[PDB]
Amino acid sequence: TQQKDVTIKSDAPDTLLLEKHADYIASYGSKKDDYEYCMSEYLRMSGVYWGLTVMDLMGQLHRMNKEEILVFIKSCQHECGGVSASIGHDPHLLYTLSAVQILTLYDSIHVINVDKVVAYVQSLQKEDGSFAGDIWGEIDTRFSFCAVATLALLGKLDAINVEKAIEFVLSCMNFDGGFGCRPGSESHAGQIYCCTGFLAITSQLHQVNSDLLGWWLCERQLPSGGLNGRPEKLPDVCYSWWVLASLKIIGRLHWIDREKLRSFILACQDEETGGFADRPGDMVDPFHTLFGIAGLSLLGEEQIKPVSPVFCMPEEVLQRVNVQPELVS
């Protein structure tokens, strides 16, 4: 479905279809030689991160082509150190964090120059503590997140002004307990994920009003059992992941109906083909396949490896590098 308010669940998939999801991602880049593969080239490095991460959560990373990915990544670092979504595109903190997350998965970080990544991240910090996405200046708390995430995985959170960074993120906290992209922007789930992730990485979760924010986040559950990203929007598997992660992070995961959300996410699977879509009966893609899998894992699904609600990566990968932010309780 789709209403203004929500979707109706039509007696369809109520089972986890793991083999199908794994065939979907494996052969995703091999479907052809056209499509959005060309038109999504501007986010490719993130798309590779989504397909690697979901494969590994599902225990099936070895089905993917490490070597070529490793060649791809090295070729997207620019001499300033930032990495681009793809070959010839401009560097950006988004794709910088994706590249670092992929090389963490493959324990192959020094495929790229790591002091360079750092100095790229340092250069984006503004006077007030914020981070621009790249030299052209857009300020967003999503990049505060990307900055501190990227450095955490590299062990260099010290390289930026962590105090001022913290101060800018907290100056984006709203009357509903959530956060916007800059001061005065409205709360929404993606933005609350970036911020609570940020505050987790920098040990500031005691600054969050868990009860108020956790209330706001649990109110994203619609009668279908899906979550939306803010009031009056349709449920979506990506907002549901962002909300679920934020709830775990702030100690409020039990405020959601877990069984209904399980059902909803299971209903977003494409029985034929594999993959998950934003909502039931829609077209699947890798981004929603990652969040369908990560959310299930966060809801308790033992087949799936435990995923971090901060990093969206297998918790065993992060343990291994010793990077496990402490969450609320």
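Position 1 is the first residue in the sequence shown; the rest follow in order. For the two forms, the rigid core is made up of the largest set of C-alpha atoms that agree within 1.5 Å on superposition.
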Of 235 to 243 and 153 to 161, the one with the larger RMS C-alpha deviation from the shown form in 8 other deposited structures of this protein, core-superposed, is 235 to 243
Of the other PDB entries for this protein whose models extend past residue 66 on both sides, does at least a third leave it without coordinates? no
Check whether residue 260 has no coordinates in at least a third of the other compared PDB entries of this protein, counting only entries that model residues on both sides of it. no
Higher of the two mean Cα B-factors (111 to 119, 246 to 254; per PDB record) comes from 111 to 119
When the Cα temperature factors in the entry are averaged, is it 228 to 236 or 68 to 76 that ends up higher? 68 to 76
For residue 312, the third of its chain by CA B-factor is the lowest
Looking at the C-alpha B-factor of residue 60, is it in the lowest, middle or highest third of its chain? highest
By the record's CA B-factor, is residue 46 among the lowest, middle or highest third of residues in the chain? lowest
Position of residue 155 among the chain's modelled residues by C-alpha B-factor, lowest, middle or highest third: highest
Where the record places residue 266 (Cα B-factor, split into thirds across the chain): middle
